[PDB]
Amino acid sequence: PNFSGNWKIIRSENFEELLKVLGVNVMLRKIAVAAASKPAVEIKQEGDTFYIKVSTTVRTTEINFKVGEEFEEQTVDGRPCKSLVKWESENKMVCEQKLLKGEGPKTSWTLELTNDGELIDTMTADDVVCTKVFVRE
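Residues numbered from 1 in each chain as written, not as in the entry; some residues may be left out. Heavy atoms only, no water.

Chemist: Looking at this model, I keep getting lost on the sheet that holds strand β1 (residues 5-13). Mind explaining?
Modeler: Within a sheet, each strand pairs with its neighbour through backbone hydrogen bonds, oriented either parallel or antiparallel. Pairing is antiparallel across the open sheet formed by 10 strands, whose spatial order is β4-β3-β2-β1-β10-β9-β8-β7-β6-β5. Edge positions in the sheet fall to β4 (60-66) and β5 (71-74), since each has one partner strand and no second. With strand direction ignored, the average angle separating the axes of adjacent strands in the sheet is 30°. Relative to strand β6 (residues 80-89), β5 runs antiparallel, the two sharing four bridges. (Pairing = 2+ DSSP bridges. Helix = DSSP H or I, 4+ residues; strand = E, 2+ residues; numbered from the N terminus. Axes fitted to C-alpha atoms, helices over the stretch in contact; angles between N-to-C directions.)

Chemist: How should the pattern of salt bridges be read in this particular structure?
Modeler: Where charged atoms from two side chains of opposite charge approach closely, those side chains can pair. With the rule as written, the count across this model stands at five salt bridges. Residue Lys82 pairs with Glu70 through a salt bridge whose shortest N-O separation is 3.1 Å. Of this pair, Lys82 sits in strand β6 while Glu70 sits in the loop between β4 and β5, placing them 12 residues apart in sequence. Assessed through its relative accessible area of 34%, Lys82 is described here as partly exposed. Classification of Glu70 by relative accessible area gives partly exposed; the value is 47%. Between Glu88 and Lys92 there is a salt bridge, with its nearest N and O atoms 3.1 Å apart. For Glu88, a relative accessible area of 52% translates into the label exposed. Each of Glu16, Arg29 and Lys30 takes part in one network of salt bridges that share partners. (Salt bridge = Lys/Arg side-chain N within 4 Å of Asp/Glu carboxyl O. Buried < 20%, exposed > 50% of the residue type's maximum accessible area, 1.4 Å probe, protein only.)

Chemist: Could you clarify how one ought to interpret the pairing of strand β7 (residues 92-99) in this entry?
Modeler: Sheet topology places β6 next to β7; eight bridges connect them, and they run antiparallel. Across the sheet, residue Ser89 finds its bridge partner in β7, namely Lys92. Counted between consecutive antiparallel strands, the loop separating β6 from β7 contains two residues. As paired strands, β7 and strand β8 (residues 107-113) are joined by five bridges and run antiparallel to one another. Counterpart to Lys92 in the pairing with β8 is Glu112.

Below is the structure:
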């Protein structure tokens, strides 16, 4: 199995709390939760090399990485970070993030494919876990 495709969200849990624990103000949180309610997610996987584009109503990020090699991206609250993805198991990658500037709560993300073809995206900030689930278009 593999991750390539266009993915549409089917479940989202705890996203506002994730932003809240990173100090995001209520006005910005409300805007962000609504903007991300139906994101466009596109993944192109070539072996261990990934391209991932995520677009909300007001923001669009593009990341390019190979498993095991550091790359620059942003945290969920928009801070530049150096990231590193490893395979935790066959279907599941986990990313540790380190801020380029300053300090803050520990943040990470994981992406896992299930046998039924779902993509589970987990983001952690401090002690808060946000889970989103997607299916292929």
